Amino acid sequence: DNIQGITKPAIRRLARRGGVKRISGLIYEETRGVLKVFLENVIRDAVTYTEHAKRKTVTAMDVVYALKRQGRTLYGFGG
Amino acid sequence: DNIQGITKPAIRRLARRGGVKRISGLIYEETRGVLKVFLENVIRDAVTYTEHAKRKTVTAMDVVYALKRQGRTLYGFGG
Amino acid sequence: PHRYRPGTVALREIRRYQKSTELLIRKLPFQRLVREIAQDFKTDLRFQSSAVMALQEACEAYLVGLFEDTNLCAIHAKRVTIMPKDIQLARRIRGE
Amino acid sequence: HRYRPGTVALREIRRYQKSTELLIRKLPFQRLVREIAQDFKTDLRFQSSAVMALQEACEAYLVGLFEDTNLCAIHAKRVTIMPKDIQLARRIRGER
Amino acid sequence: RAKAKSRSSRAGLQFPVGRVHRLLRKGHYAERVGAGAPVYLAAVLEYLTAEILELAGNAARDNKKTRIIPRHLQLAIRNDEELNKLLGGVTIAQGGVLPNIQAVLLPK
Amino acid sequence: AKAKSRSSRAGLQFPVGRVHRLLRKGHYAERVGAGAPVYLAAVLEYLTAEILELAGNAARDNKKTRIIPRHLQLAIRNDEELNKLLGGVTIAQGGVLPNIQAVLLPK
Amino acid sequence: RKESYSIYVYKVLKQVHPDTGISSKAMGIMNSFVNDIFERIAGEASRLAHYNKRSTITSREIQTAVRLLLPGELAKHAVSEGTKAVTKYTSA
Amino acid sequence: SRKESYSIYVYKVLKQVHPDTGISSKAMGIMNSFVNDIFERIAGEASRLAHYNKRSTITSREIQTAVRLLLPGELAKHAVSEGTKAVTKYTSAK
DNA sequence: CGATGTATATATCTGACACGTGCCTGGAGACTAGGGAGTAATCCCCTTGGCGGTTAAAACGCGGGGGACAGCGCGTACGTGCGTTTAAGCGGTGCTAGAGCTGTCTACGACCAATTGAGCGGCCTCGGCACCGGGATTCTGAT
DNA sequence: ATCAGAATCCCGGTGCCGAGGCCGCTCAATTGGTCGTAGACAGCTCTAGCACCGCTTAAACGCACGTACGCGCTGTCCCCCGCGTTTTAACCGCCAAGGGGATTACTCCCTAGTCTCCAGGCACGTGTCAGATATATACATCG
């Protein structure tokens, strides 16, 4: 039940960065579900890279590669 | 002037295929505008391939490669 | 005289054109427009007979897709008619 | 003393667009990633950077979705973003 | 010298293991190619072909026709809730669209 | 009897020979022509300079003297060609541009 | 000569619906589909080899690429097919 | 365990553009990945443009055509100009 | 008009940036072999050109009622502000799983060659489809 | 409700040009084979990850409350949909002809391969000045 750790304040602040002036009370649980789907679709790839390398430790390059194949290239943690 | 060769009823027929029941009359010049921006992009890429080959005719493969590069792949014309 | 109600025929047009697979823009005018655009990037170009069909298939598929998105935007706006603002929202959410 | 609605939300928007720290807490996210990951393989281990790279991607994705959601919200002439705005945006973006 | 028995017939496949191995080596993917790559790839390409054609024939049978044509391939790909994901960006010439009217447009 | 670098021949700062090696080891083709790595180095140097000039001007607007990622975000998101080149990318620590929609601001 | 996959698609068709023929328009679509998925899988298999500093694409690379590119149930059955093929080929 | 990086050359270019200004190691890492990304894009499309014509090599022309395909129109002119200026200097120095 | 927000000025201090050193492995100078691309000449097909006719479709007008969207109303949903309480962040002690490097050697796949039958381009056809037309049923809606 | 009658449906006949069979045949797959190697395994060892401890106070939480906002009912007028008559250029098809795609045989000058040796830049040691942090306090903004 760690998903409760994405608190409502942590959501509101991200909505503020996105420009949202007024927030409906039903948005949060949908947002959590959306994040859970995104996390699963990234971690499954990361763990597939970890396993092909036979490593037991996940490396940040794996997360970069999971994003890059999925199109959302990240600069800063590698190159 | 040739932009007006795309007639009003042809736009109606395409909007009908995509399930549009009622159409405001301002849409037509906007659609001619959007179509023009699409065509300019694809033809610019096609000519660029044609020139690197030192050809004078545009071939269907030039269009298929341009559309793949733009990310909206076409099946049906070889390749 | 006989007269159908407004939209009685519009649905019939939808049902008719979703069932079929023909091209809908006039071939000759479309080819003339293509030759008018291509004249900017080079002069004395020529086009193979299949190239213009490939362009027409691409453009008609693109516009049908934009129209389905426009219709969803219009329905979201609590309307039945599509208007230009619905295109302008659709293209921005698509990132065009 | 009391400020009226929206005036401090405006101060929040201007602040958090000016500021650039990460806004999700590290420890709860760190556990959430382990909980999700162990269903694919037990007894995994994580480099301390991989969690930060995940948190960066998750915050950026959510911020972009809230942008598109807010445009969908102004098109319906509301100012409140609604769950259906999220659903519509996700559909037009093509992930739903 | 033994009488030849094509590697497809050792794998139990119709797809051409020889050609797919040639194209793996010639395509500049990597500097060495092992014998387990082409058999696996040819098997998966056969599977996906048979998968699409089995759905397309059902639409063709419902059309009461003896021939498959692009309209039927579009009906197959867009109806399967997972093939629509693999080929989501792809558009098929002469294919048309699935019948789709929003419930709000129809009369009471 | 003497050695002089190919990049100083080309009048470039970026390394020609490293790009030539990285090409040959990247399998991108079975041959590489002698002029390609010079051209490619010039293109990369041009784009590097174009990014850094804008980042420097953003730094001067803050009166800072050290470039940090926020200045690279302020560069990329404010040139209509750079943004079109770099749309599918997230920059760490970069944040967003201050950009309230006009309907939201008060009457 | 333009080598094509057409004979192999026709053989496969005559094992799922033995009454049915296929037009040249549909055949050209299938011939493009095969080339597309071939290029995608060989692509990711190459990247997986490069990142681990290995020189070689083996059956493990193709398996891992398949689990990355296809949706889950298709990946399961594709792996079951490739495993059965490679096992029976090894037994030969 | 030695790592290659571009961390000399970005600094040299920065000294030419703004000899007063420093750069943080994070932003140097960003620049390093930016260079690796645009490098991989150009090398990719050059290889495609080779194989479409059934050619075997990459010449300056494939780089030039990839540059015109990938970069927007105002960048493309200036980049192609200094690409050919660089090559004329190289081939005349020889 | 009251009074809370962020901006700006002076000083401390501590460590990230910026510099200096050793040295080794990556690059440059030169000679070599041989094959990927540039060339001159051709063929011929499929592209651009012109013309007739009829007739589908587009164009221009009419009628009008159903849609877009401008207005007043309303009650509740969520922004603001406070006191309670809890656990994320910090500095630290402690270990040891496993990541990363050095050494050995042998399982295997790159590349050659002689061989030959699997797959492509071509002609032919005959029958499935399409084009054609006629009569029955559905459905919209006028009264 | 219902039946006048328009469009969809369904049943039937004609005949053609496309899919599919056989055919020649050649070039890309097969088999037998050596051998350079890099990668599978063995061993080491030292990083940094997980576990545990006490301290801190910033953040999160639950609650009250006030009015701004989304949803609803209502109207109206104007512009689009369905229908009619005209007319124009699309579409079909026949006849011309020649530009430039696509193929070929000769040739060369360009790049990969190889040994070298020496210096560029990458670890490892250093220290100071740019910044964060702290304190101080000014004046801009808002109901």
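Residues numbered from 1 in each chain as written, not as in the entry; some residues may be left out. Chains lettered and ligands numbered in written order. Heavy atoms only, no water.

The deposited PDB record carries the title "GammaH2AX containing nucleosome, Canonical (Class 1)".

With the PDB entry as reference, chain F is termed Histone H2AX, source organism Homo sapiens.

### Looking at the packing of aromatic side chains
For any pair of aromatic rings, the description consists of the separation of the ring centres together with the inter-plane angle of the planes. What the rule picks out here adds up to 13 aromatic pairs over all chains. Chaining the aromatic ring pairs together yields one cluster made of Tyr49 and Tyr65 of chain A together with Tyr51 of chain G. The side chain of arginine 15 of chain D reaches across the aromatic face of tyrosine 16 of chain D, ending 5.6 Å from its centre. Looking at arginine 9 of chain F, its charged tip hangs above the ring of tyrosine 90 of chain H, at a distance of 4.5 Å from the centre. (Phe/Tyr/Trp six-rings, centres within 6.5 Å; stacked < 30°, edge-to-face > 60°. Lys NZ or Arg CZ within 6 Å of the ring centre and 35° of its normal.)

### Some words on the nonpolar core
Core analysis: the largest hydrophobic core is formed by 101 residues, its most contacted members being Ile6 and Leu39 of chain A, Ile43 of chain B, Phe30 and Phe47 of chain C together with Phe29 of chain D. Leaving out residues up to four positions away in the same chain, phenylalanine 30 of chain C has contacts with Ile6 of chain B together with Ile25, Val52, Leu55, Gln56 and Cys59 of chain C. Residues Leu12, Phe14, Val16 and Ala29 of chain F belong to the second largest nonpolar core, which totals 61 residues. (Core = buried A, V, L, I, M, F, W, Y, C linked by side-chain atoms within 4.5 Å. Buried < 20%, exposed > 50% of the residue type's maximum accessible area, 1.4 Å probe, protein only. Contact = heavy atoms within 4.5 Å.)

### Overview of the protein's contact with DNA strand I
As a structural note, the neighbourhood of DNA strand I is formed by 69 residues, with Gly25 of chain A, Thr81 of chain C, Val33 and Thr66 of chain E together with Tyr8 of chain G the closest of them. At 2.9 Å, a backbone N or O of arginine 5 of chain C approaches a phosphate oxygen of DNA strand I. A distance of 3.0 Å separates a phosphate oxygen of DNA strand I from a polar side-chain atom of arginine 55 of chain H. Within the residue set of the surface near DNA strand I, elements represented by two or more residues are strand 1 (22-23) of chain A, strand 1 (46-47) of chain C, helix 1 (7-18) and helix 2 (26-38) of chain D, strand 1 (32-33) of chain E, helix 2 (16-25) of chain F, helix 1 (6-16) of chain G together with strand 1 (22-23) of chain H. The leading source of residues in the surface near DNA strand I is helix 1 of chain D, at four residues. (Near = heavy atom within 4 Å. Polar contact = N/O pair within 3.5 Å; in protein donor to acceptor, adjacent residues only side chain to side chain. Helix = DSSP H or I, 4+ residues; strand = E, 2+ residues; numbered from the N terminus.)

### So, the interface of chain G and chain B
Listed per partner, the contact involves five residues of chain G and five residues of chain B. When chain G packs against chain B, the two sides together hide about 410 Å² of surface, and 51% of this comes from carbon and sulfur. For the chain G face of the interface with chain B, the top three residues by lost area are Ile29, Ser32 and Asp36 of chain G, together amounting to 74%. On inspection of chain G and its partner chain B, the count reaches zero salt bridges. At the boundary of chain G and chain B, one finds one residue pair in polar contact. Across the side of chain G that touches chain B, the residue classes break down as two nonpolar, two polar and one charged. (Buried area = accessible area lost by both parts, 1.4 Å probe. Salt bridge = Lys/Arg side-chain N within 4 Å of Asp/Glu carboxyl O. Nonpolar A, V, L, I, M, F, W, Y, C, P; charged D, E, K, R; others polar.)

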